[PDB]
Enquirer: 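Quick one: structure below, then a few questions.
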Amino acid sequence: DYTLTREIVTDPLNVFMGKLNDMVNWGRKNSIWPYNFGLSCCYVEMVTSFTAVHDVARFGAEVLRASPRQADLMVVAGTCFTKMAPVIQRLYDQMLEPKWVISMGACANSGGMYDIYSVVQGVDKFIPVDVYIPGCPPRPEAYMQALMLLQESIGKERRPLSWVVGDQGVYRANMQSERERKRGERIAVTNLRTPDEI
Amino acid sequence: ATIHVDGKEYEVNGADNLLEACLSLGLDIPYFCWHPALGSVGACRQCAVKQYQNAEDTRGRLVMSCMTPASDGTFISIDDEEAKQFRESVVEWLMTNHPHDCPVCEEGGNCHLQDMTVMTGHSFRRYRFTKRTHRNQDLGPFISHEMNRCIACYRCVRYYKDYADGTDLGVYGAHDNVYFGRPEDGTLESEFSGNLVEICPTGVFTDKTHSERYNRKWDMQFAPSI
Amino acid sequence: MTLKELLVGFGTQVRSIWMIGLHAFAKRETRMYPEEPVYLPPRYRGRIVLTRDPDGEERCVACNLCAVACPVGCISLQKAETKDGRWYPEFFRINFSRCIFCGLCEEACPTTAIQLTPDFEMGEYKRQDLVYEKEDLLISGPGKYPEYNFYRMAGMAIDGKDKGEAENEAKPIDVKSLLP
Amino acid sequence: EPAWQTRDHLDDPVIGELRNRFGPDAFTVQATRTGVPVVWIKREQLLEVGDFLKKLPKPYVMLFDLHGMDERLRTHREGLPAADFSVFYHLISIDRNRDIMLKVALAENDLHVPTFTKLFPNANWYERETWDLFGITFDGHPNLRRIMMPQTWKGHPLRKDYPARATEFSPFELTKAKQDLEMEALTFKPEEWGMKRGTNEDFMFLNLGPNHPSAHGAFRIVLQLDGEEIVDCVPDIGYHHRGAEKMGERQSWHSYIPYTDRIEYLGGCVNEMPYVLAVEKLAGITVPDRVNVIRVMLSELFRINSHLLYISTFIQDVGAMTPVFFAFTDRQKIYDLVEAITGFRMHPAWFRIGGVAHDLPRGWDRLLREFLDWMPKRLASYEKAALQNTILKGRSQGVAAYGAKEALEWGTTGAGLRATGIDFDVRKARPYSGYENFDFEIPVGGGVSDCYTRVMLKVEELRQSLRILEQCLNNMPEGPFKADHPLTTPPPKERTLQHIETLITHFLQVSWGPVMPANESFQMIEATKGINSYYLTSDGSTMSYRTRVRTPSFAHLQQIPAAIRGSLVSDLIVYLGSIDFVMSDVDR
Ligand SMILES: CCCCCCCCCCCCCCCCCC(=O)OC[C@H](COP(=O)(O)OCCN)OC(=O)CCCCCCCCCCCCCCCCC
Ligand code: SF4
Ligand code: SF4
Ligand code: SF4
Ligand code: SF4
Ligand code: SF4
Ligand code: FES
């Protein structure tokens, strides 16, 4: 199942064009350059994931461009303040295709604990989001898990190989929800370690 | 009339008792058995204050504010240490038999006993023995009955019989085994039986119709209506 | 600059280069997520679950203390009752797109039903899928508190626990009893 | 008499001096739990009183805080002058080691005060924020514009009749504000920003934006440049405004603690400490010694965490990109201990009214000992590899220098103040949380506060915090982790789970909230980035009537134009790296 941006359609996928699409998806998902954009404390956890103890470079996602033109991924890591929302929208508009969005933390997801006069209640009110990370802040490995989720989403999307030939629509896979995928293992948990120890 | 509460002068009605006079002045005195519409009986012994004979008196004595007239030139203290200790002790005595029921009790968050337990500052249990237990009665489709939570404040019987002139609710037994309810299972016959859920300061008498779809008071959306 | 300043500066540059090369001779301090699992201490505040008593019944009595203690207001539930009188949540939903994992709901729970568990991996594609209902929260055991049972303490009678059968409870004495 | 008792401080010599100078009927003394003399002054005598306090033999040299209060819904104002609104002025005499709060009452129709900017230059931003959030005008202000909200904002959010919650999102207003951003440079005029003599036709105006995110946050600086030289600059802040004080009026006393954590998001339990101390003053709670030692240990661990981030990010801003990796590994060791104790990394929310959330887990001392063995070699390596490099020294020494007088007139605290030679640390001058039982030193500078001296002073502060942590590890008292007070929120969990009166107290504390009797309390601490204070007004309810948070980064960012004038832009970015600020602290 796929969603088309030019509706819910089926898979549009010759066998050489499928291999070319897989090669392009592999190259895109293994080379994701985030935009260096810091809103709040969630950005501290993101750049913590960039350091030696986590080494997000191992996934090939450490380049951290200062220009939106050179960046493939916008991580909204922090609160979408009302004064900063036009800035976020302009920076997202300055990014070039293909571009993906990770909303990081409760503030970027929904406004979080800041249901307040000066805060936009979630970045998905005005820009589309590919992966959401709950947490306040999410720990750096949660950001890495969301990066891997984005890689799985990229690895099965369909985009035009060229802008002069073929279908120009962007097809995104309707992936199974992580909640429903992990429900079988999560409900089966019985005992946990007592909180009196280290 | 002129009263002096904790060294502060107040003008009150002399025909009132000290509890309703001090509550009308905004002062906080814990109370259970008194109600504004039912009068004073001095049962629960919660409303203790220290009354002095005159201004130059430091000993005083503990009196019931609901049973003491707010007469002219009356010197009392609410925040006296012995009065506070006795009020905390009364709450503690009520707490000895009280069931561990607040999460599953419809009165929670709307409970006068909870409010007065917090108000007296009693939060540490040193009683270690058993709690008395009661069986409940079926009171019809409107009122749910839970006698474990009773503090024997006699508000229900005073309202139901002396105020509403009902006949099928009463108090039975003696000492710490006093029971409040009907002589047998059956629907409460009074047309004004539903006021028990607000008259009772605990969760003994509760709204069964609300209990079906229960939610706490803080979660409600209220409006003034007719 | 002076000649001494230039020479001392060159020496400090050489020292910096040497120390970073010796760092290249050192041991890696990288925790290799995801192949190496993240160690989480037992009281780590991650994914929220609802737990069961040692008898196997769900611990939640739908007392709504967690929902009001939530500063974000991302818990919604409704009380329901069994035929024997046991309170339980008819539904229980948590908006994890709003939740800040502060642990105040677990702190406020008087039955130890709701618990924050050491699980951080909670990323999602659609925000609507971050609304966890009761079937996504209720787990098969007691979680972090293995033995606590609220209904063994409560005075309210339920199935298998009559009046006078809770802890520190005497048997009910009828007012019609012959003993003075 | 306990330290939280209500006092009027009439024995303070400043009260007698004011009575001798202005007369007994000129002012009203209010009894508070703030720990300072609170004096209500007539509006027409405010400048005279401020000048008199500034010219005392041991003078009040720093305007610590200046803000407002909407008193219209306050029901317990006994002994207070009639006031629809009020403006308070917290002033500090370091030589006296004393402070005074001055309060000016205002009617609803006459909402104007004389400006304090001629006596104290940090009153500029303080009065701009008071105008923005309360609508109180200050006569004689050089440019009284909004500082938190955008200029096209309707209403004053800290007023009691302003709705706290978020309004409905609209793409049209986002489009309009995007258009204002797009033609902001085209229609830029220096006059509305307080700038002057621009476009001479030799200066340029250049805007800085969210392009260098060194974990401080998003804000703007517009620079007036003669070629490469800064002749004037104003910071544009409020891009990180979260409405935290308004949220203080929106949450219970217990449920506001996670919001305290996010005021200065590199501080954690350091941010929690002044709030819980001020609430405990309101509640009349004296915490036991084990609580004091646990809270000190958590505060010092988070101070080391914040200092590690600050030093490594300064080194990265200078140009050396390597030590940030190792310093974040050290931050992970701290996080190992903090995760084990509190269950969380950056915002533990672990302090409680009356204590802490749990007891220390078994095995905490092993992790603390491991960190205390790990840290010193790493710190020495950072010093030798980066802080003793002459290129870093040439980039930082003598850059954005100020002395003691400039630090005092701008409210600069923390390492920036102590680098000027003024020995003022709250943990020694006004000890709190049992800090007087610990042996540690306060590093001070030679008299001049550069980027380099501030960074090295924070390095010595890190070493002193390691000493305090060693003392915490060696002498941790046995006892309770929560006070034996009825307002300890929540009560101990095991008694809650088996005792009915404790369960009742827990039930009402977590749902409706603990009832704090009507009073005003104040607590000042030495935070990671300077002096952080909470000023809490309770109107007898389960929520704060007013939560005022004084943060040091606000004062430091206001000091920026005075210190960086006549320098280059490279000096400005190095200065921003050496300030130790975050935008959450600035905007709250
Ligand atoms: C062919 C392949 C190999 C090529 C090799 C290239 C490198 C040159 C040869 C080896 C040089 C070894 C230098 C050893 C430096 C030892 C490290 C050290 O301790 O340096 C710091 C020290 C000053 O210590 P201190 O003042 O405490 O500094 C901390 C406060 N900032 O600093 C000092 O005490 C300074 C000591 C003298 C350093 C210079 C020695 C003579 C160099 C002659 C050539 C000129 C180089 C520079 C020319 C630049 C011109 C543009
Ligand atoms: S979600 Fe929490 S940690 Fe992230 S920006 Fe918001 S307050 Fe900070
Ligand atoms: S009657 Fe009041 S104190 Fe007793 S269980 Fe119910 S809510 Fe708790
Ligand atoms: S049932 Fe209620 S009203 Fe009647 S005596 Fe008991 S506590 Fe009082
Ligand atoms: S952890 Fe905090 S934010 Fe999340 S549901 Fe519990 S109380 Fe609410
Ligand atoms: S606080 Fe616990 S028992 Fe009460 S409603 Fe929440 S999860 Fe259920
Ligand atoms: S209210 Fe006075 S004794 Fe009961």
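As a basis for the values below, the full set of heavy atoms in this structure was taken, side chains included, without hydrogen atoms, waters or symmetry mates. Letters A, B, ... are given to chains in the order of the sequence lines, protein chains preceding strands, and every chain is numbered from 1.
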Enquirer: Would you check, one step at a time, whether the test side-chain contact (heavy atoms from CB on, under 4.5 Å) holds for A:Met84 with A:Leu39?
Expert: CA-CA 9 Å; A:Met84 284 289 309; A:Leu39 279 168; 3.7 Å; yes

Enquirer: Salt bridge check, A:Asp93 against D:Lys178: does any charged N sit closer than 4.0 Å to a carboxylate O?
Expert: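 Salt bridge between D:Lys178 and A:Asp93, a charged N being under 4.0 Å from a carboxylate O: yes.
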
Enquirer: Go through the steps for C:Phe120 and C:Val38 under the test side-chain contact (heavy atoms from CB on, under 4.5 Å), then give the verdict.
Expert: CA-CA 9 Å; C:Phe120 65 96; C:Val38 186; 3.6 Å; yes

Enquirer: Is A:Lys83 close enough and on-axis enough to D:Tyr239, meaning under 6.0 Å and within 45°, for cation-pi?
Expert: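 The answer is yes; both the distance and angle limits are met.
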
Enquirer: In this structure, which one of D:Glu129, D:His240, D:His241 forms a side chain to side chain donor-acceptor pair (under 3.5 Å) with D:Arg588?
Expert: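 The single option meeting the side chain to side chain donor-acceptor pair (under 3.5 Å) with D:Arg588 is D:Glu129.
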
Enquirer: Charged N to carboxylate O below 4.0 Å: is that the case for A:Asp167 and A:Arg158?
Expert: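 Salt bridge between A:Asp167 and A:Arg158, a charged N being under 4.0 Å from a carboxylate O: no.
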
Enquirer: Please check: side-chain N/O of A:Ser153 versus main-chain N/O of A:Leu149, any donor-acceptor pairing under 3.5 Å?
Expert: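 No: the side chain of A:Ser153 does not pair with the backbone of A:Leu149.
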
Enquirer: Given the rule in the side-chain contact (heavy atoms from CB on, under 4.5 Å) test, do A:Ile102 and A:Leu150 qualify, once you have shown the distances and angles that lead to the verdict?
Expert: CA-CA 8 Å; A:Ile102 290 177; A:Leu150 179 64; 3.9 Å; yes

Enquirer: Under a 3.5 Å distance rule, please check whether C:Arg98 uses its side chain to pair with a backbone N or O of A:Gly112 as donor and acceptor.
Expert: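 Between the backbone of A:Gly112 and the side chain of C:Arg98 there is a qualifying donor-acceptor contact (under 3.5 Å).
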
Enquirer: So is D:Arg331 actually on top of D:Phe328's ring, under 6.0 Å and inside 45° of the axis?
Expert: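 Flagged: D:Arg331 positioned over aromatic ring of D:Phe328.
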
Enquirer: Using a strict cut-off of less than 4.0 Å between a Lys/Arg side-chain nitrogen and an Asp/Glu carboxylate oxygen, indicate whether A:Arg139 and A:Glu45 qualify as a salt bridge.
Expert: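 Here A:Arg139 does not pair with A:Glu45 in a salt bridge, since their nearest N and O are not under 4.0 Å apart.
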
Enquirer: Between D:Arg345 and D:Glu339, is the closest basic N to carboxylate O distance under 4.0 Å?
Expert: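 Yes, D:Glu339 and D:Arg345 are salt-bridged.
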
Enquirer: For residues A:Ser110 and A:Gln121, is any side-chain donor paired with an opposing acceptor at under 3.5 Å?
Expert: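 No pair is found: no donor N or O on one side chain lies under 3.5 Å from an acceptor on the other.
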
Enquirer: Looking only at atom types and distance, does a side-chain atom of A:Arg90 sit under 3.5 Å from a main-chain N or O of A:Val87, one as donor and one as acceptor?
Expert: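 Not a single qualifying donor-acceptor pair exists.
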
Enquirer: Test your reading of the model: is there a side-chain donor-acceptor pair from A:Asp72 to the backbone of A:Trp33, 3.5 Å cut-off?
Expert: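 Answer holds: yes.
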
Enquirer: Before you tell me yes or no, could you show the steps for A:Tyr43 and A:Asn36 under side chain to side chain donor-acceptor pair (under 3.5 Å), namely the whole-Å CA-CA distance, both residues' side-chain angles and the distance that decides it to 0.1 Å?
Expert: CA-CA 9 Å; A:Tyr43 175 79; A:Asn36 204 2; 2.3 Å; yes

Enquirer: Quick check against the 3.5 Å criterion: does A:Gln151 have a side-chain atom that pairs as donor or acceptor with the backbone of A:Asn30?
Expert: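 Between the backbone of A:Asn30 and the side chain of A:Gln151 there is no qualifying donor-acceptor contact (under 3.5 Å).
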
Enquirer: Is the distance from the ring center of D:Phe325 to that of A:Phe50 below 6.0 Å?
Expert: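 No, they do not, as the ring centres are separated by 6.0 Å or more.
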
Enquirer: Does the separation of the ring centres of D:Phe554 and D:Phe581 fall below 6.0 angstrom?
Expert: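 They do not qualify: ring centres at least 6.0 Å apart.
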
Enquirer: Between A:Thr48 (side chain only) and A:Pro140 (backbone N and O only), is there a donor and an acceptor less than 3.5 Å apart?
Expert: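 It does not hold such a pair.
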
Enquirer: Using a distance-only test with no angle check, is there a side-chain donor-acceptor pair under 3.5 angstrom linking D:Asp585 and D:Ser553?
Expert: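 Yes, because at least one side-chain N or O of D:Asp585 sits under 3.5 Å from a partner of the opposite role on D:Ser553.
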
Enquirer: Could you tell me whether A:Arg181 and A:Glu178 make a salt bridge, using a distance below 4.0 angstrom between a side-chain N and a carboxylate O?
Expert: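 Judged by the 4.0 Å cut-off on N to carboxylate O distance, A:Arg181 and A:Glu178 do form a salt bridge.
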
Enquirer: Does A:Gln70 offer a backbone N or O that forms a donor-acceptor pair with the side chain of A:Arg65 under 3.5 Å?
Expert: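 No: the side chain of A:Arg65 does not pair with the backbone of A:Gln70.
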
Enquirer: Can you tell if the side chain of A:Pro137 reaches within under 4.5 Å of the side chain of D:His347, non-hydrogen atoms only?
Expert: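 Counting from C-beta outward, A:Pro137 and D:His347 do come under 4.5 Å.
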
Enquirer: Would C:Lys126 count as a cation-pi partner of A:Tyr132, with NZ or CZ less than 6.0 Å from the six-membered ring centre and within 45° of the ring normal?
Expert: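 Because its charged atom misses either the 6.0 Å distance or the 45° angle limit, C:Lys126 does not stack over A:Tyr132.
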
